[PDB]
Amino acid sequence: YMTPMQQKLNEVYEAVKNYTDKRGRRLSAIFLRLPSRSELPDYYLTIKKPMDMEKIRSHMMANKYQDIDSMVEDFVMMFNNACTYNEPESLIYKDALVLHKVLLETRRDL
């Protein structure tokens, strides 16, 4: 069984994962797993602390987050990373902005 804190962390995680735009697209999809270092080596020269949602979920399911802010900080790092690597005109950049706002609104509601 999972702790109440794990259940709250999961509610925040699922809110980001499952958010859909007006067309029904989950903006989380590209963030679930980073490209490999072999695939995209220059990402890892620009981004000093890589993060994706696979990492966050396994940490949460390993009962390692002591509170909600610790998870939020990892999401914020991931979205900051996406917006550092990609240009502001790009779709991934814009998706990261929206999901960062979704994250904060979810934390406020909970």
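Throughout, rigid core stands for the largest set of C-alpha atoms superposing within 1.5 Å between the two forms. Start at 1 with the first residue shown and count on from there.
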{"query": "Stretch farther from the shown model on average in 9 other deposited structures of this protein, with CA RMS computed after core superposition (35-43, 66-74)", "finding": "35-43"}
{"query": "Divergent stretch in 9 other deposited structures of this protein, 3-11 or 99-107 [C-alpha RMS, superposed by the core]", "finding": "3-11"}
{"query": "Stretch exceeding the other in mean C-alpha B-factor - 91-99, 17-25", "finding": "17-25"}
{"query": "71-79 or 39-47, whichever carries the higher mean Cα B-factor", "finding": "39-47"}
{"query": "Entry-reported Cα temperature factor of residue 85, expressed as the chain third it lands in", "finding": "middle"}
{"query": "Residue 53 by Cα B-factor - lowest, middle or highest third of the modelled chain", "finding": "lowest"}
{"query": "Record-listed C-alpha B factor of residue 34: chain third", "finding": "middle"}
